[PDB]
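Trainee:
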């Protein structure tokens, strides 16, 4: 059963696929989405995004946006992603918590826009995608995994490069 | 010193059942002794016709070997009537209500003029005893058949007190007048009259027996079987004297019970021979004596615990066996002669008997140090260990009590095959000295064990396993061909507790070689022969030696027992303990040159990376910072002698390869006031150290790795010196502006973030500050606790087979395992590796969390946790347990002088993992008491998992990593770039750490962090077991703060996004991930 495509309070289910595994005999991932505005800077005109995959960085959220733009010609000014505390590395800010300056929810993400046209366009478009995937989940646009995980995250045993952390320490002390 | 008398009254309240289980027993007792009153007399005979009287009759007659012949025994039998009273535990009202069942005592004394004054020749006094009880029990079976109690009671011939030369008749009941509830058996034992002879033939040195050897067993057994009432006469005299006596005897007898010394006998291979009535008569002797100046050591005007104190202080301090004893008389002082009899001795003048001659030199030698150890654990006023000194049965398992246990299979064939199967002597003097062949060869095998080992073990104990102390009426003795002989066992347990300082010393020296060579040197070269050698050393010292070949699997204790068994007592016996080799090759073998022929107490690879660190230590002191080094000092597992695969050079895939090591500088005032600036200043010092090291000492390799262990400071960068000797070190910088900076973070944090920031500071304190004193005390305690390093090595192997080690920290396991070393009581210090490991498992099964903490004082035996500090750790344990009653987040409380807080090492562990540890230890102890130590027993003790776990993600690395991890079934260099170490190392532990760190509210994960310690011979396979929280037992509706991955099917309910989350795990590691299974 999939035809339920509207929750209690404004939530939208966005499903997509998972690729081949060598020992699995329709692996399906959901996102939840609402939207909200305020008078502040970047927490205005922004959609909530719940149940996002491992370390969803810029450029494949941007190929998602780009295939929506090359599919339906939507108005879409999004090129940076906000408030994705993926694993749990940035709950507190110990620097400003013990510092002079640098001052001024769980598993959520914060995807802004700039336009009322963009938020209404992406909102009713992804609602229509939610409905069409609810009655037929068959050949939606899907997750092109030109692997960001094995490049942008495999640094656990890669040593920190010398001139890079030299320049980091030098500019930060300066 | 206030809870002890309440413990006395409480244990008495559990032990007294003194009407409902005893009055009907007195009723049946009245029945039995009036029946035996009504049994009549019987007159003169001869045994040459009593054999035909017992020819086809249902009754039999016991004896001793040789069986009586009518030629030298032209012998006569008379049957008169004794008048019965009650004796002993029942008559002094000390009944103990076991599940096994205590015995009871009876009186069959003897008149005078039915037997002559020459009972001192060839055991026909006990033959008329045997024929006496034989006719009495045949008339008792006739009275059974005419008093209709045939269906439920059962009469049994038996060996009285496990002595084959005293048979008795025990009634036990088998399934108003039938009964099965309280302790069972009644016996029928004999007595002889008090005054029988002249005064010079009761000292046990005498001889009157056939072809002058003494017969101490004989002229103690006839004396014991004569006097069974003088003991009660002066015992009731002392009962009229003192009021303390019944409480004294009950606490002493359950003491002797839970440490296993029963009053059977020690000669024929049994832990025991010392018992409650010997204990009480020496108690009365020490009451009315005990000094050379007639110092009454006990006064009988006060309570029981102090008399218990006094009598065991006496029998712990004053030696009885090897040099003299105090002797006492009754009809009453006590005084010390200094004549050692090579026997535990105490002597009488009213009876003129040597009471402990039922008990061996080895059993006294181990019981005296049991008494010294219980003095040590009830003369300390700081703790409370009444559970250790009177509750736990330390004898119930065969391997917490002894370090080493071997089989002795004896397929000697028959009694006439003994001549050319038994390699000892078998002659007249030896079998008239030692009565049976069982206690003869038990004494001989203890002697050859003690001479083969000497100071290489502490104490010896032999036991004939499968020994049986009862036999039916259908056979005259036990005659059952068990295990390969007609003797009263099947095989032999030889058991050792070992001096751990001299386990694997591969030379056991004899005397120095003079020209006219000494007699004990002659004994030495007779005992060793082909293996004996004349010897010099590097100091020019001539002696007699024999060398051994140390091995990681087989310790040389096994080979020296093997040689001294297949030379001096048999040739075709078999000696083995495959369990020893089983866990000794469970321990990983390092890829070192000649590492199969190394020992298990060998710490040489640890010394080697300590020397390589000493070279790095010198070349890092001799350089120049702008702010010089105060102290560089190592803190890692290889420095506290704890890593499993002990470090070989050039081993990338060892996660203990990079050793943690901390340097600190001067107390400079120029530290930056902010945490990220401070971390980048410390790494600026590290960058200058790295550039000067790569400038001058070019043979060291160096890079930088970002630390992520301390949460929420992403600037901790550690360097990594790769030594040319082949080791790696994680250098860190400690300042004095870190702990006060974190405390002010605790101060000005947001009000609901204080427990999270305190978790950060506890990880900091566990990593930098307290780890230094941790590795100091463990490195300083490992050289008095010499089995501690291998028992932690396969304890963490065990813990990684069961894969808890990703949650339980290393230092928590180290404290758990140092508990049975710094406090081994009531057991002894582990002198063998299995003894240490199953003492660890037995403790963590037995130990309950919520009521009792685990304090432990990390001090060498003979700085210690005082009474104020002990009550302070009890107080903050009480504060933790009444702030949280059932252990929601703080689940283990272990604490020491290096950590009075307790929270430090046990934070962040989940309740499924902690209950998994306790439950799996209880499963282990239950299985060991089910089956005993066997090869398949140890194999499923170390099998991985297969329990109620819910995920099995199965993993392989593209190359096997035991070649490049140092466990051999060759890496010797570093490549030209320092990033190939990445693909040579495994990702699985930090990948599953990120998985748990993201999924921490929805489910917990796991992995085996050492891939090929446990993952096959090729060293490739690892599992990942997930476990859903008990919160997610249903289907919740979507809220904002529930922290899960969802698949709603209806409007309200959501469920676990199971298929996509383990597919995303499979995508996060799909080169490593090859298989998934749900349970």
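Protein chains in written order, with the UniProt record's numbering: chain A, 3 to 27, 32 to 110, 120 to 189; chain B, 100 to 274, 282 to 317, 326 to 445, 453 to 983, 1010 to 1116, 1128 to 1237.
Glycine included, each C-beta is placed from N, C-alpha and C at the ideal position.
Could you confirm whether any beta carbon from chain A is found closer than 8 Å to the beta carbon of residue 1221(B)?
Mentor: Sequence index remark: in the second chain, residue 1221(B) carries index 1063 (1-based). Yes, residue 1221(B) counts as interfacial toward chain A.
Trainee: Comparing the C-beta of residue 28(A) with each C-beta of chain B, is any distance below 8 Å?
Mentor: Within chain A, residue numbering steps from 27 directly to 32, and residue 28(A) belongs to the interval with no atoms modelled.
Trainee: By the three-class DSSP mapping on this structure, what secondary structure does residue 292(B) have?
Mentor: Here residue 292(B) is taken as the residue at index 186 of the second chain, counted from 1. The three-state secondary structure of residue 292(B), taken from DSSP, is strand.
Trainee: Once the 5 residues before and after residue 1099(B) are set aside, which same chain residues still bring their CB inside 7 Å of it?
Mentor: The count along the second chain starts at 1 and reaches residue 1099(B) at position 952. When the five nearest sequence neighbours on each side are left out, the beta carbons in the same chain lying within less than 7 Å of the beta carbon of residue 1099(B) are those of 1181, 1183 and 1235, in order along the chain.
Trainee: Taking Cβ positions, are residue 363(B) and residue 394(B) nearer each other than 8 Å?
Mentor: On the second chain, position 249 is the one that residue 363(B) refers to. On the second chain, position 280 is the one that residue 394(B) refers to. With contacts defined as CB atoms closer than 8 Å, residue 363(B) and residue 394(B) qualify as a contacting pair.
Trainee: Hey, could you find the ends of the alpha helix (DSSP H) residue 1062(B) is sitting in?
Mentor: In the second chain, the residue the question calls residue 1062(B) occupies position 915. Taken as a continuous stretch (DSSP letters only), the alpha helix (DSSP H) holding residue 1062(B) covers 1058 to 1078.
Trainee: Count the other CB atoms within 10 Å of the CB of residue 189(A); is the residue buried (16 or more) or exposed (fewer)?
Mentor: Along the first chain, read from residue 1 onward, the residue named residue 189(A) stands at position 174. Exposed is the call here.
Trainee: Since residue 1143(B) meets chain A, which of its residues come closer than 8 Å, beta carbon to beta carbon?
Mentor: Counting from 1 along the second chain, the entry for residue 1143(B) is found at position 985. Those within 8 Å of residue 1143(B) in chain A are 172.
Trainee: Rank 1106(B), 954(B), 1062(B) and 113(B) by C-alpha distance to the C-alpha of residue 722(B) and give the top, closest one.
Mentor: Taking the second chain and counting its residues from 1, one reaches residue 722(B) at position 601. Nearest C-alpha to residue 722(B): 954(B).
Trainee: Return the residues of the stretch 45 to 61 of chain A that lie within a Cβ-Cβ distance of less than 7 Å from chain B, sorted by chain order.
Mentor: Contacts with chain B (Cβ-Cβ distance below 7 Å) from the stretch 45 to 61 of chain A involve 57, 59 and 60, listed in chain order.
Trainee: Let me know the secondary structure DSSP gives residue 585(B) once reduced to three states.
Mentor: On the second chain, position 464 is the one that residue 585(B) refers to. If DSSP states are grouped into helix, strand and coil, residue 585(B) belongs with the strands.
Trainee: With distances taken Cα to Cα, identify the nearest neighbour of residue 486(B) among 506(B), 465(B) and 413(B).
Mentor: Your numbering for residue 486(B) matches position 365 in the second chain. Of the candidates 506(B), 465(B) and 413(B), the residue whose Cα lies closest to the Cα of residue 486(B) is 465(B).
Trainee: Of the residues 590(B), 607(B), 510(B) and 694(B), which one's Cα is nearest the Cα of residue 566(B)?
Mentor: Position 445 of the second chain holds residue 566(B). Ranking 590(B), 607(B), 510(B) and 694(B) by Cα distance to residue 566(B) puts 694(B) first.
Trainee: Exposed or buried, which one is residue 549(B) when buried takes at least 16 other CB atoms within 10 Å?
Mentor: Working through the second chain from its first residue, we reach residue 549(B) at position 428. Result: exposed.
Trainee: Can you tell me which of 786(B), 765(B), 790(B) and 784(B) puts its alpha carbon nearest to the alpha carbon of residue 778(B)?
Mentor: Taking the first residue of the second chain as position 1, residue 778(B) is located at position 657. Checked all of 786(B), 765(B), 790(B) and 784(B); the closest Cα to residue 778(B) is 765(B).
Trainee: The beta strand (DSSP E) with residue 1101(B) in it runs from where to where?
Mentor: Counting from one through the second chain, the residue named residue 1101(B) turns up at place 954. Residue 1101(B) -> beta strand (DSSP E) spans 1098 to 1103.
Trainee: If we cut at 8 Å on Cβ distances, does residue 834(B) have a partner in chain A?
Mentor: Position 713 of the second chain, counted from the first residue, corresponds to residue 834(B). It does; some Cβ of chain A falls within 8 Å.
Trainee: Whose Cβ in chain A lies nearer than 7 Å to the Cβ of residue 824(B)?
Mentor: By one-based count along the second chain, residue 824(B) stands at place 703. Simply 174.
Trainee: Report yes if the CB atom of residue 473(B) is closer than 8 Å to the CB atom of residue 308(B), and no otherwise.
Mentor: As a working mapping, residue 473(B) is identified with position 352 in the second chain. As a working mapping, residue 308(B) is identified with position 202 in the second chain. Less than 8 Å separates the beta-carbon of residue 473(B) from that of residue 308(B).
Trainee: Helix, strand or coil for residue 702(B) per DSSP?
Mentor: Stepping through the second chain from its first residue, residue 702(B) is reached at position 581. Helix, per DSSP.
Trainee: Could you tell me which chain A residues have their CB closer than 8 Å to the CB of residue 1152(B), listed as they occur along the chain?
Mentor: Position 994 of the second chain, counted from the first residue, corresponds to residue 1152(B). Ordered by position in chain A, the residues that pass the 8 Å Cβ test against residue 1152(B) are 93.
Trainee: Looking only at DSSP bridge pairs, what is residue 124(A) linked to?
Mentor: As a first step, residue 124(A) is located in the first chain; it is residue number 109 there, counting from the start. Residue 124(A) pairs with 55(A).
Trainee: Would the stretch 1032 to 1042 of chain B and the stretch 920 to 939 of chain B be scored as touching if the rule is three or more Cβ pairs under 8 Å?
Mentor: yes
Trainee: Could you work out which residues of chain A lie near residue 796(B), taking near to mean beta carbons separated by less than 7 Å?
Mentor: For the purposes of this step, residue 796(B) is identified with residue 675 of the second chain, where counting begins at 1. Within chain A, the residues near residue 796(B) are 100, 101 and 104.
Trainee: In chain A, which residues lie with their C-beta within 7 Å of the C-beta of residue 1199(B)?
Mentor: Sequence index remark: in the second chain, residue 1199(B) carries index 1041 (1-based). Within 7 Å Cβ-Cβ: 121.
Trainee: Decide if residue 314(B) is buried, meaning its Cβ has at least 16 other Cβ atoms within 10 Å, or exposed.
Mentor: Translated into the one-based positions of the second chain, residue 314(B) becomes position 208. Exposed: under 16 other Cβ atoms inside 10 Å.
Trainee: Can you confirm whether residue 23(A), when its beta carbon is compared against all beta carbons of chain B, has any partner nearer than 8 Å?
Mentor: Here residue 23(A) refers to the residue found at position 21 when the first chain is read from its first residue. The C-beta of residue 23(A) comes closer than 8 Å to at least one C-beta of chain B.
Trainee: Could you tell me which of 268(B), 284(B) and 236(B) sits nearest to residue 247(B), measuring between CA atoms?
Mentor: As a working note, residue 247(B) is residue 148 in the second chain. The option with the nearest alpha carbon to residue 247(B) is 284(B).
Trainee: Which runs of the beta strand (DSSP E) spanning at least 3 residues fall entirely within the stretch 493 to 572 of chain B, listed in chain order?
Mentor: Whole beta strand (DSSP E) segments, 3+ residues: 525 to 530.
Trainee: Give the straight-line distance between the Cα atoms of residue 886(B) and residue 93(A), rounded to the nearest whole angstrom.
Mentor: Taking the second chain and counting its residues from 1, the one referred to as residue 886(B) is at position 765. Taking the first chain and counting its residues from 1, the one referred to as residue 93(A) is at position 87. Taking the straight line from one Cα to the other gives about 24 Å.
Trainee: I want to see whether chain B comes within less than 8 Å of residue 14(A), judged by CB atoms only; does it?
Mentor: Taking the first chain and counting its residues from 1, the one referred to as residue 14(A) is at position 12. No - not a single Cβ of chain B is within 8 Å of the one on residue 14(A).
Trainee: For a test of the three-state rule: what should DSSP assign to residue 272(B), helix, strand or coil?
Mentor: The residue you call residue 272(B) lines up with position 173 of the second chain. Three-state result, residue 272(B): strand.
Trainee: Considering only their Cβ atoms, is the gap separating residue 83(A) from residue 1218(B) smaller than 8 Å?
Mentor: Stepping through the second chain from its first residue, residue 1218(B) is reached at position 1060. Stepping through the first chain from its first residue, residue 83(A) is reached at position 77. No, they are not a contact pair.
Trainee: Sort 933(B), 385(B), 1224(B) and 678(B) by Cα distance to residue 21(A) and report the nearest one.
Mentor: The sequence position of residue 21(A) within the first chain is 19, counting from 1. Comparing Cα-Cα distances from residue 21(A) to each of 933(B), 385(B), 1224(B) and 678(B), the minimum goes to 1224(B).
Trainee: In chain A, which residues lie less than 7 Å from residue 93(B) when you measure between Cβ atoms?
Mentor: Residue 93(B) is absent from the model: chain B starts at 100 and stops at 1237.
Trainee: Between residue 67(A) and chain B, is there a C-beta pair that is closer than 8 Å?
Mentor: Here the question's residue 67(A) lines up with position 61 in the first chain. Cβ-Cβ to chain B under 8 Å: no for residue 67(A).
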